[PDB]
Amino acid sequence: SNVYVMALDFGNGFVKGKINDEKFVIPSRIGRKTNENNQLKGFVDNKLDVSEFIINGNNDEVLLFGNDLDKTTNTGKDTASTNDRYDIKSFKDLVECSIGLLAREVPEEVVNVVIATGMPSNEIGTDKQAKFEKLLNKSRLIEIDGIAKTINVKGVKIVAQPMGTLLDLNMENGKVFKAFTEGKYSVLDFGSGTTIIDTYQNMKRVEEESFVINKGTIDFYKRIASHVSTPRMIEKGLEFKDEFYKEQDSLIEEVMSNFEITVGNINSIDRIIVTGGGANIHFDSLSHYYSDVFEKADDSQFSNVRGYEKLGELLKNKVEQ
């Protein structure tokens with residue numbers, strides 16, 4: 001058979017996708033092109049990074065998805081992100097356009113695939129997983145910028161999101177590293193609004209040693225912009241040096257202190273993977289805080305997808321058998 005592996009990560013405010021050597025990261029927003037013509041958007045000739053999607057012959061709804069969405073329409077809206085997003089039109093359409101974008105990267109008309117993705121650890125076994133897998137596991141006709149692709153799904157594999165990250169750094173040639181099978185690892189995710197720690201022991205998540213700090217990069221940059229008496233500004237030009245080190249000094253002390261309280265002796269931990277939009281900002285200081293324990297992957301935004309892709313490859317073999 002001719003089967004491809006689609007890895008998708010429907011996260012916070014961005015959707016990440018990868019197929020073969022092709023990948024994308026686009027805000028979790030969707031639009032629609034309607035005849036209520038604008039003055040410039042969609043009228044001028046600029047070649048924008050946005051595509052048109054027609055699903056199953058429904059010409060009455062031309063969906064708009066891409067990084068330049070708002071440059072071509074005024075219909076752009078954020079997609080549902082609640083725990084019940086699986087039943088909201090917004091998210092369902094986002095899933096179809098994301099699948100469509102990956103399908104467009106395959107030259108042939110008929111695109112057979114397996115889909116590897118993830119979901120919040122807390123819904124990974126509930127009725128949510130059943131509805132998400134139902135959205136994913138089906139055939140569909142998608143026309144991307146006028147090009148029809150017939151998409152057949154031969155299999156779906158869903159894991160807890162932090163697992164994609166762990167797998168990015170603990171798996172090669174279809175096998176997890178020996179150390180990972182009986183080790184203790186934590187995923188330290190510096191998000192925009194929260195900082196999440198997920199701990200795994202012998203490949204299984206330990207809820208008793210996982211936690212969330214309700215402070216993120218937005219809070220960081222805000223707390224800095226204040227002492228300097230506008231975060232958007234600090235974000236642009238990180239190389240206020242004094243303030244930075246002060247805010248970050250406290251952030252790191254708080255995070256590691258919580259680690260020692262909840263996870264344990266930092267020496268019982270085999271690795272702490274630092275991920276999230278804030279990883280690049282704090283990895284350096286963390287590395288000097290404790291030696292030989294923190295690790296970071298390049299392009300942290302794609303870590304989950306690279307991890308899901310490996311599981312997708314294994315699912316692809318199971319199917320080709």
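Here, residue 1 is the first one in the sequence, and each next residue gets the next number.
In summary, of the residues considered (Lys128, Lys134, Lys131), a salt bridge (charged side-chain N to carboxylate O under 4.0 Å, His left out) with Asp87 occurs for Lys131 alone. When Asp189, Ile273, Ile197, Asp198 are each tested for a side chain to side chain contact (heavy atoms under 4.5 Å, CB included) with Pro162, only one passes: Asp198.
Evaluation of the ring-ring contact (aromatic ring centres under 6.0 Å, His included) rule for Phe244 yields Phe220 as partners, not counting sequence neighbours. Contacts of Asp270 classified as salt bridge (charged side-chain N to carboxylate O under 4.0 Å, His left out), with partners at least two apart in sequence or in another chain: none. Here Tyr4 pairs with nothing under the ring-ring contact (aromatic ring centres under 6.0 Å, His included) rule; sequence neighbours left out. With sequence neighbours excluded, no residue satisfies salt bridge (charged side-chain N to carboxylate O under 4.0 Å, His left out) with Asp45.
Looking at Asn170 and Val176, their side chains never come closer than 4.5 Å, going by heavy atoms from C-beta outward.
The side chain to side chain donor-acceptor pair (under 3.5 Å) contacts involving residues 110-124 comprise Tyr86-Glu123, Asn112-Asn152, where partners must be two or more places apart or lie in separate chains.
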- Message: Using salt bridge (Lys or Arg N to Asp or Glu O under 4.0 Å), reason through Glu108 and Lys149 one step at a time and then give a plain yes or no.
- Response: CA-CA 8 Å; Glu108 318 94 83; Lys149 290 300 180 182; over 6 Å; no
- Should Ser51 and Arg104 be marked as a side-chain hydrogen bond (donor to acceptor under 3.5 Å, both in side chains) after you check the CA-CA gap, both sets of side-chain angles, and the distance that decides it? CA-CA 10 Å; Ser51 296; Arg104 196 250 300 279; 3.0 Å; yes
What pairs of donor and acceptor atoms, side-chain ones from residues 24-34 against any protein atom, are under 3.5 angstrom apart with sequence neighbours left out?
unit_1, atom_1, unit_2, atom_2, d
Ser28, OG, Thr79, OG1, 2.4
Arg29, NE, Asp70, OD2, 3.3
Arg29, NH1, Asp78, OD1, 2.8
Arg29, NH2, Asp70, OD1, 3.0
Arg29, NH2, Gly76, O, 3.1
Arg32, NH2, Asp60, O, 2.7
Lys33, NZ, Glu52, OE2, 2.7

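Between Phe180 and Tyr185, the two ring planes are perpendicular [angle over 60°; tilted spans 30° to 60°].
A donor-acceptor contact under 3.5 angstrom links the side chains of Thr165 and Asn304, judged on distance only.
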